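Visitor: Before we start, here is the structure in question, set down as structure tokens.
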Amino acid sequence: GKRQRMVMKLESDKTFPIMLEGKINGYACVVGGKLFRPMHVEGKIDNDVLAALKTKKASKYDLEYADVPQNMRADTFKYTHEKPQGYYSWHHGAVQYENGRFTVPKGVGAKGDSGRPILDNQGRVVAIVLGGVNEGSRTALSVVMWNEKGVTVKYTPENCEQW
Amino acid sequence: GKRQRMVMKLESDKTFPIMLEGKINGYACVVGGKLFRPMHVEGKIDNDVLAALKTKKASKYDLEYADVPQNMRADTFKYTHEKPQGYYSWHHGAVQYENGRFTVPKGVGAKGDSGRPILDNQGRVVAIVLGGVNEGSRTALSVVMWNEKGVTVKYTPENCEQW
Amino acid sequence: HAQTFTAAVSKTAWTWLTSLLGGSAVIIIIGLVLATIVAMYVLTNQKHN
Amino acid sequence: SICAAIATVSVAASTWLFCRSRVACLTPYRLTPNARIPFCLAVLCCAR
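In the order they appear, the protein sequences are chains F, A, C and Q. Mapping of the first sequence onto the deposited numbering: residues 113 to 275, in sequence order. Mapping of the second sequence onto the deposited numbering: residues 113 to 275, in sequence order. Mapping of the third sequence onto the deposited numbering: residues 394 to 442, in sequence order. Mapping of the fourth sequence onto the deposited numbering: residues 372 to 419, in sequence order.
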């Protein structure tokens, strides 16, 4: 429960829910000085400054990137590409990273918890959750991430449902 | 002793015996999301989910193989290319690995001993037993295994018996 | 004499029909080759994980 | 008739040896639990 306190205290400032008729459908994430928002999530950004923007579309990677004003570039997530195997710290507890795939134990994951970042033991974002499929006792995840070259990579398992 | 009990705990979940008319002829392994079955063993897999799946055949490596359904993919074994010399585990006690040869002290290994996955000091499958020959006071085995490149390698000593 | 079809086509006009119709095929095949190389390079960049 | 017979036998035997060689190349990569076919052999022998 100690890692989930860290995730909630880092999401209290830098994560914004995308509300449609009050209902949560997704989360905009401000990482590295650029706003991120998925395509299929419908609604508006909770923050008033971020809602009045012109988000350039990128339909392949299921993202709608934007740019952050200069007074807000220090209040962003830090991120990295470095990802050894083991455990990472999601919003609902922990998430296993094995063979280049983020897996969460089952039950959790429904319509609405998309766009949530995955943190490491230092406090840096390594992935952004878009969707996932339930492989029985454990749910694989479809995320975007980065690599050592500096290239945005999206991983997508089979038959993933958009969250 | 102690080593065999965690192997029984693993084999109770994922190693499935075949059903000849009154007895057990062989054992289907579910590793990495790909069901494995030896050829000379004939019968029916105990699960009605794993029975209906049509298997592709590889006569050089003596193994039928089919695709695992998506729910079962998380509840599979794990496989390892790297094996150092020493001692590995097996359902009938221990198995020695020396000069690339899985050998077993004699008195054990007979008919109905096929498809049993040789585990390691962590719980990952390094080989699959298909039979062996009595090399004097200690029997060697005829297993398939994997290497660093991703190439299924079968080793077989002289005049082995299809168990 | 007999008027063959394409009898008076005047090699200048053969050149104008070869350039403005065969050259557009050259444009579309180098566009298709460029698209194929771009797709393979994107897949090579996403081989990194 | 003998030209047609030699042509049929040659095409059938060459297709049989080609299928044997394609199976003998693609078999050690389809048996692995991940089935990660390398890209050049997937371009050549028409794999997934």
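Note that beta-carbon positions come from the ideal geometry of N, C-alpha and C, so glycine has one too.
#1: Which same chain residues end up closer than 8 Å to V265 (chain F) when comparing Cβ atoms and leaving out the 5 residues on each side of it in sequence?
#2: What is the residue span of the beta strand (DSSP E) that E176 (chain A) lies within?
#3: Have a look at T429 (chain C) and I230 (chain F) and give me their C-alpha separation to the nearest angstrom.
#4: Just the chain A side, please: which residues come within less than 8 Å of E273 (chain F) by C-beta, in chain order?
#5: Give every residue of the same chain whose Cβ lies closer than 6 Å to the Cβ of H193 (chain F), excluding the five residues on either side of it in the sequence, and list them in chain order.
#6: Does the distance from the CB of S249 (chain F) to the CB of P217 (chain F) come in under 9 Å?
#7: Find the nearest neighbour of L397 (chain Q) within the set A:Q208, A:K169 and A:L242, judged by alpha-carbon distance.
#8: Please report whether the beta-carbon of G145 (chain A) lies at a distance below 9 Å from any beta-carbon of chain Q.
#9: May I ask you to list, following chain order, the residues of the segment 152-186 of chain A that have a beta carbon less than 8 Å from some beta carbon of chain F?
#10: Using a Cβ-Cβ distance cut-off of 9 Å, determine whether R419 (chain Q) contacts chain A.
#11: At what residues does the beta strand (DSSP E) containing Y267 (chain F) begin and finish?
#12: Spatial neighbours of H152 (chain A) within its chain, please: CB distance less than 6 Å, with the 5 preceding and 5 following residues excluded, ordered by chain position.
#13: How would you write the range of the alpha helix (DSSP H) that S201 (chain F) sits in, first residue to last?
#14: Going by C-alpha to C-alpha distance, which of F:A252, F:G138 and F:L147 sits closest to residue 333 (chain F)?
#15: In terms of DSSP beta bridges, what is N246 (chain A) paired with?
#16: So, is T397 (chain C) buried or exposed, given that buried needs 16 or more other C-beta atoms within 10 angstroms?
#17: When we look at the beta-carbon of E123 (chain A) and count the other beta-carbons within 10 Å, is it buried (16 or more) or exposed?
#18: Taking the alpha-carbon of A206 (chain A) as reference, which of A:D158, A:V220 and A:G227 has the nearest alpha-carbon?
#19: Verify whether the separation of the beta carbon atoms of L412 (chain Q) and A406 (chain Q) is less than 9 Å.
#20: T386 (chain Q) touches chain A at which residues, Cβ-Cβ below 7 Å?
#21: Drop a sphere of 10 angstroms on the beta-carbon of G243 (chain A), count the other beta-carbons inside from all chains shown, and report buried for 16 or more, exposed for fewer.
#22: Quick check on the DSSP output: the beta strand (DSSP E) that includes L132 (chain F) runs from which residue to which?
#23: According to DSSP, is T215 (chain A) helix, strand or coil?
#24: Using beta carbons (cut-off 9 Å, strictly below), is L412 (chain Q) in contact with chain A?
#25: Kindly indicate which residue of Q:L415, Q:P409 and Q:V394 has the alpha-carbon position closest to the one of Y173 (chain A).
#26: Which residues in the same chain have their Cβ closer than 8 Å to the Cβ of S201 (chain F), if we skip the five residues on either side of it in sequence?
#27: So what does DSSP say about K121 (chain F), is it helix, strand or coil?
#28: Using Cβ-Cβ distances below 8 Å, what residues of the segment 207-228 of chain F are close to chain C?
#29: Report yes if the C-beta distance between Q182 (chain A) and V245 (chain F) is below 9 Å; otherwise report no.
#30: Classify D158 (chain A): buried if its beta carbon has 16 or more other beta carbons within 10 angstroms, exposed otherwise.
#31: Which residue or residues does DSSP assign as beta-bridge partners of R236 (chain A)?
#32: Under 9 Å between C-beta atoms, does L415 (chain Q) make it to chain A?
#33: Output, in chain order, the set of chain A residues within a Cβ distance shorter than 7 Å of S249 (chain F).
#34: For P150 (chain F), count the other beta carbons within 10 Å of its own beta carbon; 16 or more makes it buried, fewer makes it exposed. Which is it?
#35: Determine the chain Q residues that contact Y191 (chain A) at a beta-carbon separation under 7 Å, and present them in chain order.
#36: Establish whether the CB of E194 (chain F) and some CB of chain C are separated by less than 9 Å.
Guide: The relevant details are as follows:
#1: By the criterion of a C-beta distance shorter than 8 Å, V265 (chain F) is surrounded in its chain by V256, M257, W258 and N259, once the five residues flanking it on both sides are discounted.
#2: Judged by DSSP secondary structure, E176 (chain A) falls within the beta strand (DSSP E) whose first and last residues are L175 to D179.
#3: Approximately 34 Å, taken between the alpha carbons.
#4: Per Cβ cutoff of 8 Å: no residues; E273 (chain F) is ~12 Å from chain A at best.
#5: Same-chain partners within the cutoff: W258, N259 and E260.
#6: yes
#7: A:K169
#8: yes
#9: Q182, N183, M184, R185 and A186
#10: No, because no Cβ of chain A sits closer than 9 Å to the Cβ of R419 (chain Q).
#11: No beta strand (DSSP E) contains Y267 (chain F), which DSSP labels as neither H nor E.
#12: Result list for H152 (chain A): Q274, in chain order.
#13: Looking at the DSSP string, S201 (chain F) is not in any alpha helix (DSSP H); the run it does join, the beta strand (DSSP E), is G198 to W202.
#14: Since the first residue of chain F shown is 113 and the last is 275, residue 333 (chain F) is not available in this structure.
#15: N246 (chain A) is bridged by DSSP to A:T251.
#16: Classification of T397 (chain C): exposed, given that the 10 Å Cβ count is below 16.
#17: Buried, because 16 or more other Cβ atoms sit within 10 Å of the Cβ of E123 (chain A).
#18: A:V220
#19: no
#20: Chain A residues near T386 (chain Q): none, gap ~19 Å exceeds 7 Å.
#21: With 16 or more other CB atoms across the displayed protein chains lying within 10 angstroms of its CB, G243 (chain A) is buried.
#22: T127 to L132
#23: strand
#24: no
#25: Q:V394
#26: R115, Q116, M118, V119, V207, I230, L231, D232 and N233
#27: helix
#28: Residues passing the 8 Å Cβ filter: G212.
#29: Yes, these two residues count as a Cβ contact at 9 Å.
#30: exposed
#31: For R236 (chain A), which the question treats as bridged, DSSP gives no partner whatsoever.
#32: It does not: the Cβ of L415 (chain Q) has no partner Cβ on chain A nearer than 9 Å.
#33: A186 and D187
#34: Counting C-beta atoms within 10 angstroms of its own C-beta, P150 (chain F) has 16 or more neighbours from the protein chains shown and is therefore classed as buried.
#35: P404
#36: no
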